[PDB]
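To start, the structure under review is shown below, and the notes come after it.
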Amino acid sequence: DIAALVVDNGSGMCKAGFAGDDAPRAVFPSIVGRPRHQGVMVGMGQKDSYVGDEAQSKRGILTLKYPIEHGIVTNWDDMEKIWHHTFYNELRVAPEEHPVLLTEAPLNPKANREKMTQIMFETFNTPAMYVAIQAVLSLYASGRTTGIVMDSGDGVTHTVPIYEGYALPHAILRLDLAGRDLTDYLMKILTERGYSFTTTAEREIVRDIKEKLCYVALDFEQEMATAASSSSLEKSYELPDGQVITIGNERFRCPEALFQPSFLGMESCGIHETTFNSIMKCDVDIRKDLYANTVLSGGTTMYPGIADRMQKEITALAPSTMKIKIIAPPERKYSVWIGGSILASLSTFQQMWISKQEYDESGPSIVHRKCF
Amino acid sequence: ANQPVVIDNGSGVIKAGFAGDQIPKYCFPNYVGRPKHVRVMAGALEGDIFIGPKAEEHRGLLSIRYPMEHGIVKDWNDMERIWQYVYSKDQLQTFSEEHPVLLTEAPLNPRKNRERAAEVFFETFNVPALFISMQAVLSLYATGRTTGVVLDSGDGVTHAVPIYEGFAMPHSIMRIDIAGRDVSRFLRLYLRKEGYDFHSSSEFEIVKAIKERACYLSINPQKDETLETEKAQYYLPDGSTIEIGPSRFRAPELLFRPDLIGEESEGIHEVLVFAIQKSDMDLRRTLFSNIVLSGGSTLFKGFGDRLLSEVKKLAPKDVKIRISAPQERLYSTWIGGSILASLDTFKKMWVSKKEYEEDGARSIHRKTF
Amino acid sequence: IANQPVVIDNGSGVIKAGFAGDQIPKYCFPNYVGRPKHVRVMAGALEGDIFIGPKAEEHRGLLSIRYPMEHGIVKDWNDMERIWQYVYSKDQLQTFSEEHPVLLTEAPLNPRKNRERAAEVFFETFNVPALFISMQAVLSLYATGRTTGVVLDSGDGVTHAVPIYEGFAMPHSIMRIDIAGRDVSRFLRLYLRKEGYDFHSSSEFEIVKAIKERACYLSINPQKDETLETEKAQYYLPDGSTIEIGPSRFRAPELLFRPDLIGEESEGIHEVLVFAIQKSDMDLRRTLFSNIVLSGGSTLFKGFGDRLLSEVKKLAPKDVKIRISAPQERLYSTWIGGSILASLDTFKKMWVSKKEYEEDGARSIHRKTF
Amino acid sequence: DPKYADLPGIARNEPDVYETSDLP
Ligand SMILES: Nc1ncnc2c1ncn2[C@@H]1O[C@H](COP(=O)(O)OP(=O)(O)O)[C@@H](O)[C@H]1O
Ligand SMILES: Nc1ncnc2c1ncn2[C@@H]1O[C@H](COP(=O)(O)OP(=O)(O)O)[C@@H](O)[C@H]1O
Ligand SMILES: Nc1ncnc2c1ncn2[C@@H]1O[C@H](COP(=O)(O)OP(=O)(O)O)[C@@H](O)[C@H]1O
Ligand SMILES: [Mg+2]
Ligand SMILES: [Mg+2]
Ligand SMILES: [Mg+2]
């Protein structure tokens, strides 16, 4: 049995591994770094461009570019470099020997999937491949076939309802507010507090602060009043230099943009309102089941207390009789990958591959006929 | 002494004017814009609510909200503000106390919407009389024919109403909520699938302009779907271009195939043919030879050809079919309301202030239809 | 209080103080404190220890300079307090601080503690009747007399672009970078070291700044100019010696548009302008291109307007009108706008009273601004 | 114009408007 690779190209973080495994083998940020200085002589051991963790360690001098923005690959050369690093350097496997099950967010441009398939078949020459919706995989990981997945990662937050394995394409709701937007808002409020972060390298420091300290407030106004009237919520973080910086109310103002996009200037619904609207778009008979099987996914849903806040907000919006149950597994950050591995470990999935024969026969456009 | 005022309460564009005038003098979109950005300088734009051409001029500054959706008023405060603006100095400078009103409501609407509309138009505006009407009768009045089936496709609703010699069949009326605004929303989704995003409320009105300008109905769906299509380029207001491609013709097809948006409803052609067929047999031929189109949403390039093809497919073999339509379709309903309001017999159709004060909502239900 | 308010445009490089009635800033001087270079303990040396304003210019060779403000943020608060007290001196404004209300100017997106401490200093050390802190970008449109525009204020310390449409500001569209006149001066010092000329001293920072002001132009085609033999314009030092600046004349200001040449991770002036325009709502964008207002000293570079127009043209959508309204008075546009604002009766309702600050505390100065 | 004559840094001998060519 030739195991098929599973490569979740997240907007922020790329995960990769073999089908049937419990966790991804390689998990590295999806960044391409380049040296900043041009005129001066360059040292001995250097690369033209750094990828993944190598760019992260050397981020002090490098300037970082994310190939994927809002779930849309904008720099295909950089994404090709990321895939090359994933296959040859990290996984240490020949891409031509195994199929690859890539992932994409719903409602993305068609050209994105077409170019994905073209790059996989022409540059890498894989024997077959597949493109899967992230929410469907994350529902696969939770061991459910009915529920609503609110998967929120570095670039996009998409809500997908599914009933008994039957997706509902007309009820899917996508939002560009996720991750990177929260990191930028954290930069902004930090600048108001006094600590100025501007360079792309400092974006990683602000992201680490967001991961370590930030949390979702169950009641925003009460926590704001508590922060104003006391310093119990203040917490100190150590930068890579050694400087210690105190974060106060900004701990629970950065993730609050998830539930109030007006802070970010976008006139969009919050994640709770997006989930409620997606549920209400479904048929009346299945809505109850969705209320009982709301599943959180993606890395940006890892804030403490986000499950309680989402439960409270949906209970406020939803009818009183219906029972709300937000499912937030501890390992949900990798839930998009894990289900993909399950989808690659099934015996019935051997017919769902896009073989290279079919790609040559029909061209890239077959991705729109096979995958979704 | 006081000429009654005619207000066609469109979901997308409302048309107010005086009875007896040839065309609606005061037309403007049916939305309320509010300034999302923060005011910093003295002498900025005054007021936190922008309605009418002021909203259109400063559309980028504002966030838009639609008081009416699918022919039903959702935000009643905004609708009240809209009707108050209709009486304002900018458009139709009058006093609401003196002029009877002729408001138009889509057929088969909820009774509560009509009740609240009458309450607003009798309590907030102390009008002397009121009269609710459907779009179809007014369109027939405007065209000048008592006989015919009116298929009006507005921004919110699309309904077919057959009226034979001035007699309306209440049970044969057909209505679906898939209308021009739904086409615009579907076009926004397809443009997102193309690559261009218009998530802003203001940019939705750019998507609507794209729907108005660069969109057509292919005579046959699947042949056009199979064949490759040239990517016609559209110029956005800022200056940047967008290559639309298949979304040019895949968007308006929602009118004929509601299942594209997951809604299990009849198509516009199905609405028409079933509206004719629910009526008595002896009238059907006379209804097939008198089809009157209305509403802006029937102005798609090739709508007439596709509708004729669909009805010919669904209609009985060898029956005369002509799809009439006024030259200006947007103003047809208001012109009809004006022609109706000028009649002396319209005074008998009023719901007087004393009548509404005595009987209340029941009177509005007695004299409406 | 009915007395004439005092407007103090707080520049990182040059502060401009005056009364609101005047059409121009009657008083203006560099924003630094000059101390004696040597630690003076003997008599007969430069007494006082604190040289501010033209006094520091009189004996500029012998002084060590220290700017209080860096990147639009006050660093040495004692020095800034000294500066503000010197504004209320016999030399400048010849008046008591307690009589007149005050209008400050501050860069956008600055730390809240900076504004809080500035208000505390102006309300505690000076017994000012009131205070108001405005952004310079809002004031530039007041000065120009127009209701809409994109203000690109490139001062000494901070370069920021702010779009305003019909008096409505877009807080999320504001762009801000720290590459400004002082950074151009530092790069000019580096390039003059490459010419073979040393300006190590902090006092010599002033004369390299003077060289920047006197002979430095922005070339539309830097490659062609570099290939072309330079004229090697001669500049007179204060002491008397001449220097041939050479190609550095066009290399130092080029970092404003293309900072990455020196490895600086910054957007560039044309980039921040264009991205501030593009981040705004689409329908406004064309008008935002039709009303671009320059401000700040760094916009006074020779040929700056032409190069900025070229960059905006090649970045903006094709066949779109661009109007870089560059008034001749753009150096003092911010103060003139502050004066026009303070003249209005509406300003009476904007500044915070001393009792209001005492009662509400710090948060008042945060909330009355917006 | 002369009201700004006394100020040091008023940059003269330059145009006040840099704009692209008008199109009909
Ligand atoms: N423990 C955590 N707490 C808060 N935020 C987190 C945590 N872990 C990850 N994140 C956020 O989630 C984002 C990564 O999400 P991810 O699951 O990688 O989405 P994608 O798969 O689309 O890249 C990061 O930007 C990070 O800020
Ligand atoms: N030329 C056109 N092509 C396509 N759609 C159009 C055209 N003209 C108007 N419309 C659509 O018609 C709608 C207006 O319909 P209207 O007749 O005002 O409805 P109502 O009867 O509720 O007033 C708008 O939403 C617009 O999108
Ligand atoms: N003609 C000129 N050429 C080049 N630079 C100039 C010229 N005039 C002034 N400057 C620079 O502009 C800066 C003054 O900026 P300023 O307007 O004071 O900014 P702020 O908004 O902080 O007050 C000085 O540091 C000076 O170097
Ligand atoms: Mg993810
Ligand atoms: Mg209508
Ligand atoms: Mg200034």
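Numbers in chain A track Swiss-Prot; the residues on display, in order, are 4-375.
Looks like electron microscopy, 3.4 Å, at least that's what the header says.
Cβ atoms are placed via backbone N, Cα and C, with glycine included.
Swiss-Prot annotations:
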MOD_RES   A:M44  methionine (R)-sulfoxide
MOD_RES   A:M47  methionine (R)-sulfoxide
MOD_RES   A:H73  tele-methylhistidine
MOD_RES   A:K84  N6-methyllysine
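Positions of Swiss-Prot features highlighted on the structure.
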residue : record                   : Cβ within 10 Å
A:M44   : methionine (R)-sulfoxide : 5
A:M47   : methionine (R)-sulfoxide : 4
A:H73   : tele-methylhistidine     : 20
A:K84   : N6-methyllysine          : 18
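Note: the Cα of A:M44 (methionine (R)-sulfoxide) and the Cα of A:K84 (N6-methyllysine) are spaced 25 Å from each other. Reduced to three states, the DSSP call for the residue listed as 'tele-methylhistidine' is coil. Here A:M47 (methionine (R)-sulfoxide) is positioned 22 angstrom away from A:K84 (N6-methyllysine), judged by their C-alpha atoms. On the backbone, the CA of the residue listed as 'tele-methylhistidine' and the CA of A:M47 (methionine (R)-sulfoxide) stand 37 Å apart. Mapped onto three states, the DSSP output places A:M47 (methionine (R)-sulfoxide) in coil.
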